Amino acid sequence: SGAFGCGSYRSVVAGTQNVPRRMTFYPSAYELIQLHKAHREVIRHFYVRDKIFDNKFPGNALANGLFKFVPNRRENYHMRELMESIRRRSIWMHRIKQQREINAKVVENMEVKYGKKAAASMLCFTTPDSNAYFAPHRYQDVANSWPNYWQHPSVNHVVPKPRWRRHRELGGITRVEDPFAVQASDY
Amino acid sequence: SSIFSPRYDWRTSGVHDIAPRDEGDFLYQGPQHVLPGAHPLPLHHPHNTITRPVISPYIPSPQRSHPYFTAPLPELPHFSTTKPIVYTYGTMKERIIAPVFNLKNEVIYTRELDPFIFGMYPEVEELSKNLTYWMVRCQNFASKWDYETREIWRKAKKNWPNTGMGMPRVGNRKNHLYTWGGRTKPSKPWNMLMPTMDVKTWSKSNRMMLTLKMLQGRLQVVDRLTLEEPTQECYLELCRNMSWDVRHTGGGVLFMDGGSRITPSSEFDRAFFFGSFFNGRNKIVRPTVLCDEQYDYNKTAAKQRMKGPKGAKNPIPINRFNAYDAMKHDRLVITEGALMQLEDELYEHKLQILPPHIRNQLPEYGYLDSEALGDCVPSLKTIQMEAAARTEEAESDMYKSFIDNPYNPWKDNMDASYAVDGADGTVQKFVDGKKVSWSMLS
Amino acid sequence: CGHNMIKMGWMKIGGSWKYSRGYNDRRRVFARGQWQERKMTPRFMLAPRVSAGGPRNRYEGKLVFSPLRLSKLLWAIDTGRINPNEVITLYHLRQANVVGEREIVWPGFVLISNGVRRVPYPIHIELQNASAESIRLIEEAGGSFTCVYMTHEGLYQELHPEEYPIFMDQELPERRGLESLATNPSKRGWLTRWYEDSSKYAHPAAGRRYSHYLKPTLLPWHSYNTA
Amino acid sequence: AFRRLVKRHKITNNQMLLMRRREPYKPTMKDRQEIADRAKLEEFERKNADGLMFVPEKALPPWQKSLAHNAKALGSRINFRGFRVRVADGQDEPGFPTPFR
Amino acid sequence: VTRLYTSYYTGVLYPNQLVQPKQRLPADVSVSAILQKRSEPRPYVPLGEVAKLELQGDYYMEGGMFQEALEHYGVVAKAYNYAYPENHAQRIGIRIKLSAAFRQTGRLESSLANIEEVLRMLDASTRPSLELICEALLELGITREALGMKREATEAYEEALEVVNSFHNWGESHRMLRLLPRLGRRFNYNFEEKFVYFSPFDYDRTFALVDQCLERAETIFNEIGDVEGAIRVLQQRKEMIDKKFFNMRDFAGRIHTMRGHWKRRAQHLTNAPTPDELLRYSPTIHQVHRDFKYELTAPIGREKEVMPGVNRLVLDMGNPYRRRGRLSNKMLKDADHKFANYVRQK
Amino acid sequence: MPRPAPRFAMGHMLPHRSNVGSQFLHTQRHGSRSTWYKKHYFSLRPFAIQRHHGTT
Amino acid sequence: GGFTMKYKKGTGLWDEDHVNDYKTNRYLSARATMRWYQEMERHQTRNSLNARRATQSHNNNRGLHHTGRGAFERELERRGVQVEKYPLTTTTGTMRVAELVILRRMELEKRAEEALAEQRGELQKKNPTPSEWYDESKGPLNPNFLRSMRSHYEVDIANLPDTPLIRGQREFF
Amino acid sequence: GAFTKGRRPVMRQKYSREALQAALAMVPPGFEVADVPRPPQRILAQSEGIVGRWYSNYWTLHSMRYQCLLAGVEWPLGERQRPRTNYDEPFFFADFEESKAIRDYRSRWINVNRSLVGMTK
Amino acid sequence: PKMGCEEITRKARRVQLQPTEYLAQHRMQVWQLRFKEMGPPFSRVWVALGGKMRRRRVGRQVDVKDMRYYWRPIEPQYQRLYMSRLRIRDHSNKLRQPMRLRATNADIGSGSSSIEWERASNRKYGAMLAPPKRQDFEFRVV
RNA sequence: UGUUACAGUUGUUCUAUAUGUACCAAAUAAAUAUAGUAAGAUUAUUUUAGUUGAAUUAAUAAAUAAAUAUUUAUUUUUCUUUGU
Ligand SMILES: NC(=O)c1ccc[n+]([C@@H]2O[C@H](COP(=O)([O-])OP(=O)(O)OC[C@H]3O[C@@H](n4cnc5c(N)ncnc54)[C@H](O)[C@@H]3O)[C@@H](O)[C@H]2O)c1
Ligand SMILES: [Mg+2]
Ligand SMILES: [Mg+2]
Ligand SMILES: [Mg+2]
Ligand SMILES: [Mg+2]
């Protein structure tokens, strides 16, 4: 079974010596995302299997205690969808745990070879543009990544600052005191 | 008529009575005369803060990026989002904080919003896709019927010879030329088309519409949507207390009931759902912006007795949030449970949208702590989802003594031996000299 | 808003129709054009047939693989989609979304070394019918390739492992596949060792050859022990 | 088989009412056919001024490249000089000495 | 057919030929008040012939014949002083040109005297032109820096900047020139109609005047050694050109070739709101006055402010099912009472 | 967006059957006119009479 | 007849999912919305009840129990042994889970509102006047929001002058 | 596909370990899986569950065989086919139905070794 | 028709949804037998083997060295006609490249990779392309 | 005068003409069955760019059919011009 990262029965029969592998650090971010969504999928499958009738109208209030699935379809759903999703979630968990063990080994080797702080600095995945995604208030002075660029504090001088004032005779309406500019209208 | 036409200015007199009515007509005093309705910009809907009042800390100003708080207030308790905040390609790149309203029309505390949800800057093409899909879908397709020439019930025989009398050459004369005949290509419900909407575009346009409502300042977050009694008078009293103009003419209200902050749910509150049925401009929608993947099991007209338009056989339900209803209803009221559900359903989407060099930093910063692996306590979920999770946890004990345990599949995979039997022509699995593999039947 | 009447352009509705019958023959599927057929025979009638099936005929079991760029694999590995600490298979590719289900057609894939002249790290991958150059690159880097030439049922079982609770007897590939890729030592087939093993030809009881995994629960609910 | 519906043009000069041909400075149909034939022949002669440059196997048309490659990949797998495969298809003989030859 | 343009070809009518008005100073604010707040901390005259003479004079000044430009300017300025009343725009402009010619010839004292007289005439004027006042005090600054008053020249340039930043509209110059690329309907040929460009240095002369003011101010600051002043002036110049570009900004319509639909130019050529006026009079800051005396709808509390009527009887809500049978009418029974209790008075 | 929804099928145009038109273009029924108050080409539009079309 | 995704029919979170509804309208009144919900629930319930009735009648006609079980399973139930391999959760179990979850939610809401009232009292006692957010430097405030926040301060918040009051310009209240 | 047994289960009842053992007790001693043949294609592939004489049903017999393999129940009956690996008693057999001589493990073992050797690419 | 016409008051035959054509109906076997499609995406040429195909009496064309095996591209007008016959499908979509002469892995995959085939375990990943599996040893028919 | 028997694949007991209920390819009911397809109609002004009598080789290694229409692509020299 090649689902896990160990190898398939075909590789076992071939006898390819792939046992000693280069232990490289791997955060498994994609695998963690997939595990999150698979967990949500399993929970949703359990919900849709355990959905029972709850009707709010008198014409349909005769079957308010039954499952919305007939027993046969409920059994078939539990046998295919629910437990296939559970098996996929288990595969993801197994892969991520294997990678976590390998990462712990790599961290230990790096700490004993260089030191704690050196290994942490070498394993840190920080990019000079990480603030553009995690804290843009620290990236404002680097580049203008705003969809409304005219309001960026670097280009903010272009946005006009009208002189508004409230008018009680108009019902608290705010109105701009800037006089309009004459427009070209004939030629 | 068209402006470039002779018939455009051929009415020279008779349009206006020279005498003005002594009730509403007035004269132009001059430049300082404030005329009602006059505005420099072309506004086909000239409303103000009195006719269509906005519900936000500030009036939307060009000097402000959004008409809400940018930092938590020191006198109000601040609640962060249920999921961590990540800024993608379309987000506003600025902190959005909105006040949560109590059903007594009071601000109890304040809550951070997600830029991926309410920060996806709107685009007219995406909103147009959303609106066009919604209208073409909400059209009624059963009434698209029309008669064909072969559905006229006339004798299948030439009425008169072509050269005999002075009448023109014709045969069955049941075609469209005659007032009683039908068309060769008539309108049919099965010949009409229903468009297909992809989940990506649907979610993007819905989040753009939410961001547009937030920018205009007509988004209001409440803690609950509950009524003491399931009657309509209690709903109308709640609307009168919250200043919700649910009249057919006032600025309508669009509710998104997702439950409380501590008690979220995917089902509407029963009392509020029974009370909200009022003949006005109010609509309640499901707490979701995503949609199911649409399919078509008759793409090649294999099932001929199909009655229904070509295209997607799984269109978007009516009670879903959409650009049409968001534009028709002025205010958008959203509950904290609905906020939590939106965040939970869009978390993995925005994480997959993220670029790789930033995705590799997610477990470093702590955005991928999965409770399934035991690195954190489980996160808050809806009532139904927590019930399903508890049901799974309880039923997990039955898969212990069986080899088909999904929580531990193929546990004897490393300890077994694989043998290639060429006489049988198969590879088999053995444990202690016993064939544990299974030959599939037939 | 108009009629693309041929050889006239986009004409206006309600305009002139007296100079367009090619437009009527375009609307109605009726066609003409014997100006080239009046004297000479068509090219498909003049050309002979190389075989009864035709060139590039995709007969049953032709082994038409979809290409997989070694550069694409290395890009996925450097990006972080694929974990190099494990043995990469087609299931791992599909789960990491490196290839779409549209491309997966029996037989699975072929590793092609287009745009790569050196592999920096050892990679252990299982595929079908990799190129000699790509195999050499992987071996020089230090990895290992295994030409896992599987049947249709084996491919489906490798792509959907959750539909099978236990291991099941997987049939050996066809004669052509056995002679081409499975028992080919150049392709590093997964049955070359079994084919070279001569202890199976002596006695029928000695025909079976066992093989073991080489050597150096998952419950989501964990006890709240931190306090 | 020409356009029976004559093209209309905005008349800016009254002599456009008199002129029948749109571009009078443009040669007639057969004249410009002959002109195009002559110009293309001169360009072809300029292109063939130098001899037929023999081309390696990779810069061949698709319907010859892979055939010529497969016709000698077997001998190319064994590195030794002086192995030639006389393939039927390929570039034809010029018939005279060529500087590229 | 190509056009040789041998014969006389009448020009074409294009929206760039629209007669653009002049930016006027408001009647309340005065140039005298601006200077004070800065210091705190008709008869017949052959005007066609004198215009020929003034054009020849400015041609001489541009070619470098300063004395001839000066005498031409003197003649035409005498003519204008006779032809126009006191404190006239053309009068003050021609004596601006005269002071410039004096300064170029080397009579710096008389140039300064004439430019101060220009300043006092501008103060006496009611609504002078922004371009006129900017050019006047630009000539003032150049005369000051020629005399040796570099700080005062920088002060004049900075007051030009502060006037143009407070009274000049940066988007009015390209209001009718911004949607012009949408007129092009061909992509293979004549595709420069989709890329028609109009430089602001030709359609906003106040912009060019202030640009030259800031350039000279930066030069003087670099000569003196005032890095702070140089940075300030360069920042303001960059902000001005950025405002101009932003007001010229616009997205693209259809890219490829469109056949027909010639009546879309009515929609293309319109008083399209410039970005500046859009962001200024956004319907939320500059709200629309809406009086309910002329309306049939009003807020919940302000029910009596609606347009009045005679013998108004509230029948019911227009429930479209009231036309149906007795069961539908029974279903629409208490809705009217509940609506009344909903819109009751506080 | 895979084949965005057609603008002509948006339910805002029920036109007379013309020469050009898509297979998904819902035109007016045979024998029925597009505009309701246009009994003739010279028929006027009723001043205060409003015919609710489409939705309720 | 023919192929239709019965494996998807009934899989959504609600009854309206995976229903080919092509007879709707862009605006639905109160009666139209009530009938839409009624028809969705009726479609689901009619499908389920008709399937159950057909299955039970077919089993009874074939001579089995209405669930399809036979004499072997009946004798197993008599002896007391478990018949099926996987006994799934019943309606009573699902309703009990929903009930206990809702009760836990209610208790958590009680404790949360207690703690939140405590924190709000502390914050209001600490801050008598509004913070930096009460400024007009970028634009006007909103009278509706001010009338909603009136109850949080001692001074009059909704009373706004016509001038764009600025924090550092003039001391408020 | 819906008539014959193609990729499709035929017995939907999934019994517990005790129900599997109780269903095996009603099998008479002396019964072997090799006794029940595979029904032809034109015969509908169905399973009535655990009824009287259920072992006579080929599809019910092997469906229960797979369920006992999952639940870990010792299968009392024999294998569907017994492989002949060595030359022992009986040293000769009679088969008027010409199937035993070709279905023999020893007869098909050598035919595979002939083909494995005959490959000459 | 009219609102109360006798033609519509009485019932008649009712038209049904018409069946569509085969998706690959307009690709012909003559092309697949004669030519083959070569070249990069936007420079594709259909080539057919050259030479004069003719069956003569015994004793003519003895020297086999003249008969050469070589492929030459067919006339561009014929290639355009044969490519338009493939363009027939989905005419209004201008962003859709013409159909290919021989089916590819991508097309055979798209045939079943849609949403409406996600549950069909069969006809997935080239089931008909793959060779057949071994039937049961006790296989028989009636 | 009426009634019988004969009905179109043919009937009036050979054939031909004639005729078989007001146009003998008889009449009634269904058909988009299909005519290498003869012809007739084909709904919407104020417009915005190239050619007006060419091309024409059945069939082994020869640079290229041309006109019309729709999209689209080449700012290289020079006294001016030049729809490639
Ligand atoms: N083409 C195929 O044969 C195919 C395809 C996909 C999956 N599978 C899986 O292969 C296995 C055996 O297939 P087969 O053709 O040999 O037999 P089968 O699937 O035709 O019959 C298996 C028997 O065991 C029962 N069973 C199946 N899964 C069970 C489980 N998890 N626990 C208890 N009882 C269970 C079935 O209901 C039936 O009685 C099954 O798990 C099946 O789902 C087979
Ligand atoms: Mg074929
Ligand atoms: Mg075909
Ligand atoms: Mg006769
Ligand atoms: Mg052309």
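- Method of determination for the deposited model, per the PDB record: cryo-EM, at 3.1 Å resolution.

## Let's talk about empty space enclosed by the protein
Point 1. What the largest cavity holds in volume is close to 200 Å³.
Point 2. Taken together, 15 residues make up the lining of the largest cavity; nearest its centre are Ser 1 of chain A together with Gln 157, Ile 166, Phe 167 and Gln 170 of chain C.
Point 3. When its residues are assigned to classes, the lining of the largest cavity shows 8 nonpolar, 5 polar and 2 charged.
Point 4. Secondary structure elements with two or more residues in the lining of the second largest cavity: helix 4 (90-95), strand 5 (124-127) and helix 6 (152-159) of chain C.
Point 5. Its residues placed into classes, the lining of the second largest cavity shows 6 nonpolar, 4 polar and 3 charged.

## Remarks on the interface of chain I and chain B
Point 1. The interface is formed by 21 residues belonging to chain I together with 31 residues belonging to chain B.
Point 2. Here chain I meets chain B over a buried area of about 2,300 Å², counting both sides, of which 58% is carbon and sulfur.
Point 3. Of all residues in chain I, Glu 7, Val 15 and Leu 17 of chain I give up the largest surface area on contact with chain B, accounting jointly for 32% of the area buried on that side.
Point 4. The tally of links from chain I across to chain B stands at 2 salt bridges.
Point 5. Here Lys 299 of chain B makes a salt bridge to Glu 116 of chain I, at a shortest N to O gap of 2.7 Å.
Point 6. Our count for the contact surface shared by chain I and chain B stands at 8 residue pairs in polar contact.
Point 7. Tallied by class, residues from the side of chain I that touches chain B come to 8 nonpolar, 3 polar and 10 charged.

## Things to note about the interface of chain G and chain B
Point 1. Opposite the 62 residues of chain G that make contact, chain B presents 80 residues.
Point 2. Buried surface at the junction of chain G and chain B, summed over both partners, amounts to about 6,200 Å²; 59% is from carbon and sulfur atoms.
Point 3. Contact with chain B buries surface across chain G, with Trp 14, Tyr 22 and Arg 105 of chain G losing the most and accounting together for 12% of the total.
Point 4. Joining chain G to chain B, the criterion identifies 5 salt bridges.

## Side note on the side chain of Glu 139 of chain E
Point 1. Positionally, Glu 139 of chain E belongs in helix 6 (residues 130-147).
Point 2. A polar atom in the side chain of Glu 139 of chain E sits 2.6 Å from the side chain of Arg 103 of chain E.

## Some remarks on helix 2 (residues 58-71) of chain H
Residues and elements named next belong to chain H.
Point 1. For helix 2, with 14 residues, the first-to-last C-alpha span of 20 Å sits near the 20 Å given by 1.5 Å per residue.
Point 2. Counting buried positions along helix 2 gives 12 out of 14 residues, so the element sits mostly inside the fold.
Point 3. When helix 2 is considered as a whole, its buried residues turn out to be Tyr 58, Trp 59, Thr 60, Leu 61, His 62, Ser 63, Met 64, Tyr 66, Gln 67, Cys 68, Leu 70 and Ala 71.
Point 4. As for helix 2, its buried residues are in contact with helix 1 (17-25).
Point 5. Taking the backbone nitrogen of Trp 59 as reference, a side-chain oxygen 3.1 Å away marks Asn 57 as the first, capping residue of helix 2.

## A short note on the pairing of strand 7 (residues 282-285) of chain B
Residues and elements named next belong to chain B.
Point 1. Where burial is concerned, the two faces of strand 7 agree: the one with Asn 282 and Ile 284 and the one with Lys 283 and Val 285 are both buried.
Point 2. Bridge count between strand 6 (residues 253-256) and strand 7: 4 bridges; the pairing is parallel. Each residue of the ladder has a partner; that of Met 256, found in strand 7, is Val 285.

## As for the pattern of salt bridges
Point 1. The final tally for this structure, using the stated rule, is 98 salt bridges over all chains.
Point 2. Across the salt bridge formed by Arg 88 of chain A and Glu 41 of chain A, the nearest N and O atoms sit 2.4 Å from each other. Here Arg 88 of chain A is found in helix 3 (residues 71-113), whereas its partner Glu 41 of chain A is found in helix 2 (residues 29-50), with 47 residues between them in sequence.
Point 3. On the basis of relative accessibility, which here comes to 28%, the residue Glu 41 of chain A falls in the partly exposed class.
Point 4. In this structure, a network of salt bridges that share partners links the residues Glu 267, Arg 286 and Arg 320 of chain B together with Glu 16 and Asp 17 of chain G.

About the thresholds
- Residues numbered from 1 in each chain as written, not as in the entry; some residues may be left out.
- Chains lettered and ligands numbered in written order.
- Part of a larger assembly, values for the part shown.
- Heavy atoms only, no water.
- 1 Å grid on protein atoms, 1.4 Å probe; cavity = no way out; pocket = protein on both sides within 12 Å on 5 of 7 lines; lining within 4 Å.
- Points joined across faces, edges and corners; volume = space filled by probe spheres on them.
- Nonpolar A, V, L, I, M, F, W, Y, C, P; charged D, E, K, R; others polar.
- Helix = DSSP H or I, 4+ residues; strand = E, 2+ residues; numbered from the N terminus.
- Contact = heavy atoms within 4.5 Å.
- Buried area = accessible area lost by both parts, 1.4 Å probe.
- Salt bridge = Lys/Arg side-chain N within 4 Å of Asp/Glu carboxyl O.
- Polar contact = N/O pair within 3.5 Å; in protein donor to acceptor, adjacent residues only side chain to side chain.
- Expected span 1.5 Å × (residues − 1).
- Buried < 20%, exposed > 50% of the residue type's maximum accessible area, 1.4 Å probe, protein only.
- Pairing = 2+ DSSP bridges.

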